[PDB]
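> Structure, please.
(chains A, B, C and D, ligands or ions: 8)
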Amino acid sequence: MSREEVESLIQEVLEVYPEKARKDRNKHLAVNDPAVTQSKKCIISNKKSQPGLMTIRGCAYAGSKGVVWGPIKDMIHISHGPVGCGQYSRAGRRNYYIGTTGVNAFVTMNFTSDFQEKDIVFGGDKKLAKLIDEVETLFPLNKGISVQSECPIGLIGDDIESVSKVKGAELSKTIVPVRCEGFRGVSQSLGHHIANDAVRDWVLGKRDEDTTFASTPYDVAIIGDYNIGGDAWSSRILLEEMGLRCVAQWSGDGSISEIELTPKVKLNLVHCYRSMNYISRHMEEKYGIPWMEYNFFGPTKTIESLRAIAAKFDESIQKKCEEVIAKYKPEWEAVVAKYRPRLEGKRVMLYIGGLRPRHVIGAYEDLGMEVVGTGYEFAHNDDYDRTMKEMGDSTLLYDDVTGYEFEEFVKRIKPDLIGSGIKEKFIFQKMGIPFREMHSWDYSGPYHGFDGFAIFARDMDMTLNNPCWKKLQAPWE
Amino acid sequence: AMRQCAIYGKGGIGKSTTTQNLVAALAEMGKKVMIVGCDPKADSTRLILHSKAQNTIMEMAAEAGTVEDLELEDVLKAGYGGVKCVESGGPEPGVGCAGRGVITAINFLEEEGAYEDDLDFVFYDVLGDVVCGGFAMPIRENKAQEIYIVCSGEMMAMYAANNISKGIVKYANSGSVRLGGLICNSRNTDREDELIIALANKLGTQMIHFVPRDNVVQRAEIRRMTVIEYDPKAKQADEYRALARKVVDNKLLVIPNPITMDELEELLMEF
Amino acid sequence: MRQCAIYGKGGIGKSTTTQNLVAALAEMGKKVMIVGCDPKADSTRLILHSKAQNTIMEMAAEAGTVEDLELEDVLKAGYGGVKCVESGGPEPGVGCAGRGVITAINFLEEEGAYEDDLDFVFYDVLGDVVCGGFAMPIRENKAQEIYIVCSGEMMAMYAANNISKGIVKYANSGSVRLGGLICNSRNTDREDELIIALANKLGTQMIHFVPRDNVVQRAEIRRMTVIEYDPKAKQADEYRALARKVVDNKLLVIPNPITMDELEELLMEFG
Amino acid sequence: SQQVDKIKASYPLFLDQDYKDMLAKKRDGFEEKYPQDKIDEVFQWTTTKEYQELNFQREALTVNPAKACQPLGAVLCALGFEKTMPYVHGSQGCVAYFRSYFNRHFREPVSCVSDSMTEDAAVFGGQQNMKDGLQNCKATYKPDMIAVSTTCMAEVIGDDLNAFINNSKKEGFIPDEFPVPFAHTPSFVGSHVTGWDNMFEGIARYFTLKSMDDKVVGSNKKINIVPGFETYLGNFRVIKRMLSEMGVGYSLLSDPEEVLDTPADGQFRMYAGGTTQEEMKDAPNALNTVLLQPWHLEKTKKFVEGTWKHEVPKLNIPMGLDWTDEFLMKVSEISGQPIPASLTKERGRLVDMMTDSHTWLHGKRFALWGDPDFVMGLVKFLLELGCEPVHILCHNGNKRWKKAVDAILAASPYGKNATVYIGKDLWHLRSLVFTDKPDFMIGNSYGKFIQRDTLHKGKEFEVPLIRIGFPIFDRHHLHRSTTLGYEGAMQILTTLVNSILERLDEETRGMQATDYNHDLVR
Ligand SMILES: Nc1ncnc2c1ncn2[C@@H]1O[C@H](COP(=O)(O)OP(=O)(O)OP(=O)(O)O)[C@@H](O)[C@H]1O
Ligand SMILES: Nc1ncnc2c1ncn2[C@@H]1O[C@H](COP(=O)(O)OP(=O)(O)O)[C@@H](O)[C@H]1O
Ligand code: ICS
Ligand code: CLF
Ligand code: SF4
Ligand SMILES: [Fe+3]
Ligand SMILES: [Mg+2]
Ligand SMILES: [Mg+2]
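Numbering: from 1, shown residues only, chains lettered A, B, ... in the order given. Ligands and ions are numbered 1, 2, ... in the order given. Below you will find the coordinate block:
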């Protein structure tokens, strides 16, 4: 569509809101212009959601527990508060790991205090101490405990800092108290920030004086990759095939030892800027470790990222990077030859959280498809700044989009594919538009790396060209 | 006639004591009055039951485990003149959430059934620092419809009364709860009576009774026996009977409207 | 930097006395900060010339979120260069003032209001203290010295010992200590001996005996503190002596809570 | 490496040699993992009985619970009414979690909204959030009614839902005649079934407490059915079909099957079917009200008896032979309509399927968990099949329900080795199935981890999971099955017998070792 038509569609969609809601939502919809380098002049981000408009955003408890701390496998994470949250967030995110669940790994488990009315009225400090004692009694092989605070804990002023400090000192254990109450902030981003602050204060500086770890000039840490079906492993195999040594993974398949060993690395490879930029900046300022953004979504982005990473080291690393690129070229070339004809010219609309709306555009372009509209759940203005460059002319940008807005935007655009979460999958499937879950990879994956590119292409081809989408109209209607 | 009332004001003016002697005076000539203690300090029923503490709702809820399996008679007891007594209770200071305790205790009383007998009065006692809806539950719907503010002649009492009148605007514009009157507990202040009637007409209301700063109350509190229990022939006994009469025959109740600050500034100049 | 917390009941004179104390302390050349944990916003009404100020939470709401609020918008100078802030909160009967004070204190800690260039920090808290939000000022990395303001009334003793029992848990867990008892005279019979006995049982030191008068009220009507309303009156000299002695105070002892039978005995030996 | 003609997903791609070598290198170099022998020792200890005593001595830690919070049930109850928008007063993360949960269980769109209450709303209150949210929801999604629930954050601070909604109506944010029922759903009390009960009671109060002056019992010659928290559309369908076959006028309140089974024909329907407002306004005129799941409909029962003056029958859930016949007989007595020949033929066919499968169903030891009414109905049905329950678990049960289940067990000789647990979680159940091993487990998708643990101990200690309950995430379209009535009994019996036969076939597939019992006919 033309630029004058996207604005008309935006106005027609906004016409249904009341005055306050319309005025607020007019600031969150924009027509892309890659020339503009400041996203503040076109879109407004990181504000509170309008009440009663069916937002897709989550809470700070999600952004901390289910995002940052949860993937850590050797730790035990306590959902301090009522049951719901832990139950709703149990095993819903596919942060893959290797370990014996119930013995030394606890990712898919749900530990909760299960607050009652008497806990609200009288407190939860004694109950928390008893819970820590029972956790240590029944799960002796855990390497740490984290306390994720749910809303009531923040409201009633339960002092989990002192309980954590006392129990950790007396039991010689690392107990990290996290104030990730849902009502804090507007979305999962503040949960990311709180979890990063907890990591900085209670975990990161534990080995500040230990010098037993021998460091090589090829030490790297993957920052912000959470192994959604093995993406972290796929990236790690490429990084290790380059001659680089990965010491830490944050936090998919990550261990507390990797977090402790991170300050000894020579370079931080940040995948998700939105979630771990604060900890990357803290490490850069305190230990002098530089950090850089890398993207392993599609062959072009992967090759560019490998070359940029190899540019940070000596000639042997560059030679190994060239060897890896040459080795992996025929496979992704064959994948393109197989799947691009079936996917050429197709239009894609995306609505994901903080990073993936701009990171996956490269793969779609590698497969011959174009992105006609992308959007962020909770991303800040810097993410949109990076997003304007990657998106073409006259493409719609939306922040904190509502179900109504997304429904009519899709109705007016008629995209060939929609990539969003589980809360819009069936809405758009019943509309006759192929849908792909861009958070869990539709229980497939991994999609990062050369190995993940083939799975990505196969999944897009099977979802887009399925015979079921041509059968939604009865022959007699 | 199922008259649900509540006492408001800031702490130290004497809301509790005032309602204890008020119910004691009421109980003389045949009232089935029940009092509810919404104070976590557990003193709103002290003199009537003649026992410092009893089985409060939250204590028994913690002992049993849940409110559903908690009996009504285990927490509700009768004392002088058949004054059925009950107290919400709560946590020790500095921990927990007392407003939630008040909420669950009031729900307990409402849903087991306590507003079933004659219940001439369902007097509620609240704390001065109403900082949440938990302590505003007594003035919710199907609850107290007549609020009395205990105040004296002094800047802090006027500030408390103004803030409380502001707080009884949100719950009154969407309900039937009104303001009955203002009760006076003297601080031994100069030409106070005229100042207090000036405040009463400033809010378009009337002052029910003026209670002097008598030293009998502090003597009755240490022996934890109300003035009616103390002796049926005292000066305060007759005064509290007058309070009882003017609180049972009350007919004036209007929606409070907040007033401006200039009067608070220049009240002392007028008086 | 010395961080102090003032506890007690409402209406005893917690705020009043604290404000004149810090005004006199600033007159001696001390950089002091008042953090008002009172949702009524009445803890800085005599140092700040602003009538109602621009509270932390009200501007947090006007700015959308607390993270969008800067320290300069809520931290304003008063008499003698006294830095002060107000936690703010809701109108009575709605919301949660404990979360308000918690958010205000976390905001102050986040942007470093304790710049290590000050001398004393005084927290003015709620009298009721019925939740952990108002017990936040007495946690770790917070106020270490607690001065309980008490009055001649026996419920002042009851609230003082209940507050001390509440303090006990934080004193055991952390390092907060009871400093002493500022006893505000209510013109009662030989109250000073009873307060001395209560301090001796608690093991603390009674601070001073600032009496009941009228020049404090006439200074309030002027809307400033006592000391700089008329630097001459005896009460100003007593407040300056209070500032000096809290400057040189060094006795910090954990409170020992007493039962109501014990308190009845203290009432017994001085009726 | 990937071959384009045969692409591998994570499994079995990460079973390749290069990925295995990199995993081992990472582990040994940086994971600082405990030695494998210590891990095996700890696992074996966790499978023992001393660990079971330690696990059952728990007092403050809950591991893998089997329950959710009240607003989930409140939303599920609100979804059953015509053009009704479930509104949750509180935080948006709760609504997101509810929608994800129901999307995963039902594979259907689930409409729910929130006022997105923040820290300032937690401190000053949620009056403005309520006003703006009601106005925006009505303007945007245009529902005929908004049902308000609560999150724990609002309940702790004591939000006055009645006053908030009344002020919203008074200031013009919503029309004064627009129906906005509300219910208090504290998440620290009860569970999701309690939330369903609270929401239904609130809606019933809203449409019927102020208009009882012109109501007479039996005026409309209908029977009200309250289904409770139900996640099987087949139950609603079978109840309606049975009552239509008996020729009995019925008003099923809170019927959500239409909105949870919308067709895919090119358009998105936010609302479909549901109980109408006229049906609930005319509810007191029915002859009687019947509760399908009475053990979590206590407040509803109290309100119905106190206000509608309906003598609610003391009926169990229509699960199994005896209870389905009791339900049908009570309905026939209330309405006067005799039980027709079709239901008799269905009962006879079900008894003939029981007779056919009794030789394989007898003596089987079962561990089960779920909702109180569902668990007790399953236990009863297992008792009529000759099976032996051993571990009965209900995280949201109380002492009275436990006493009822104990009486049911004592009424039968197959309940001799059966113990009932209330307040326990699935870690306790794992300890139980490791110490006292049953043949099979009946529960939701959370028991697959218990099956994994039992398999890790050994093939002879494996306890297979039979998926009957809520929520089921690892299987597709199981929410379309039936649990209540004769049809549900046939479905459950077929599932159980086929699970037993599948396990037997798996155990006897070894050639020249165990294939002597790989019989063609079973
Ligand atoms: N008429 C009176 N004259 C003198 N003293 C009185 C009189 N009435 C009550 N008192 C005394 O004044 C004090 C009142 O304190 P009380 O605890 O009753 O106040 P309150 O408003 O209930 O406080 P809070 O809300 O903090 O619990 C008590 O010592 C009481 O005995
Ligand atoms: N020493 C004193 N003599 C007489 N009145 C006093 C004295 N100190 C304080 N007051 C008065 O007591 C009242 C309550 O004091 P304030 O500090 O405002 O209450 P709170 O204890 O609730 O903070 C005020 O009107 C104040 O002027
Ligand atoms: S952490 Fe974030 S919503 Fe960066 S909360 Fe969310 S596993 Fe999304 S766009 Mo689900 S900021 Fe990760 C994300 Fe991106 S859970 Fe995953 S897919 S790259
Ligand atoms: S915004 Fe987030 S998910 Fe919501 S409560 Fe708060 S931390 Fe948790 Fe929890 S038990 Fe259920 S789901 Fe809530 S109502 Fe409470
Ligand atoms: S202010 Fe009220 S609601 Fe908030 S924590 Fe304190 S008692 Fe609870
Ligand atoms: Fe579907
Ligand atoms: Mg009182
Ligand atoms: Mg004060």
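> Okay, and residue D:76 sits in which element?
Using DSSP states H and E, residue D:76 falls within helix D:70-78.
> And for residue A:349?
Using DSSP H and E, residue A:349 sits within strand A:347-350.
> Repeat that for residue B:209.
strand B:207-211.
> following that strand, which helix or strand comes up?
Remark: after strand B:207-211, the chain's next helix or strand is helix B:216-222, criterion DSSP H and E.
> Wondering if that next one reaches ligand 7 at all.
No: on the criterion Cβ under 5 Å from the ion, helix B:216-222 is out of touch with ligand 7, staying 12.3 Å away. Every C-beta, even on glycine, is put in place using the N, C-alpha and C of the backbone.
> SS state for residue B:66?
Recorded secondary structure, residue B:66: coil (DSSP: H, G, I helix; E, B strand; the rest coil).
> Based on its surroundings, how many neighbours for it?
Counted with other Cβ atoms under 10 Å in any protein chain shown, residues neighbouring residue B:66 total 14.
> Then residue B:250?
Considering only other Cβ under 10 Å, residue B:250 is surrounded by 16 other residues.
> just residue D:474 next, same as before
Neighbours of residue D:474 (other Cβ under 10 Å): 13.
> Determine whether any part of the helix holding residue D:76 lies close to chain B.
No: Helix D:70-78 stays clear of chain B (Cβ under 8 Å from any Cβ of the partner chain), getting no nearer than 14.2 Å.
> C-alpha coordinates for that helix, CSV please?
The C-alpha trace of helix D:70-78 is given here as CSV (Å, rounded to 0.1, in the frame of the first residue of the first chain):
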residue,chain,number,x,y,z
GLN,D,70,-9.8,-18.0,41.4
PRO,D,71,-9.8,-15.5,38.5
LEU,D,72,-9.2,-18.3,36.0
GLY,D,73,-12.4,-20.0,37.1
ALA,D,74,-14.1,-16.6,37.2
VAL,D,75,-13.1,-16.0,33.5
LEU,D,76,-14.3,-19.5,32.5
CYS,D,77,-17.6,-18.8,34.2
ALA,D,78,-18.0,-15.4,32.6
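> And the next helix or strand past that helix?
strand D:84-89.
> For the helix holding residue D:76, which outside residues touch it?
Helix D:70-78 is contacted from outside by A:84, D:84-88, D:90, D:94, D:98, D:101-102, D:110, D:112, D:147, D:149-151, D:183, D:185-187, D:189-200, D:203, D:229, D:231, D:254, D:256, using Cβ atoms under 8 Å, 6 or more residues apart in numbering or on different chains.
> hmm, the strand holding residue A:349 touching chain D?
No: taking Cβ under 8 Å from any Cβ as the criterion, strand A:347-350 and chain D are apart, separated by no less than 15.3 Å.
> following that strand, which helix or strand comes up?
Following strand A:347-350 in sequence, per DSSP H and E, is helix A:356-359.
> And whichever helix or strand comes after that next one, what does it pack against?
For helix A:356-359, the succeeding helix or strand toward the C-terminus, using DSSP H and E, is helix A:361-366. Applying 3 or more Cβ pairs under 8 Å, 6 or more residues apart in numbering or on different chains; DSSP states H and E, one finds that helix A:361-366 makes contact with helix A:299-310, strand A:370-376, helix A:449-464.
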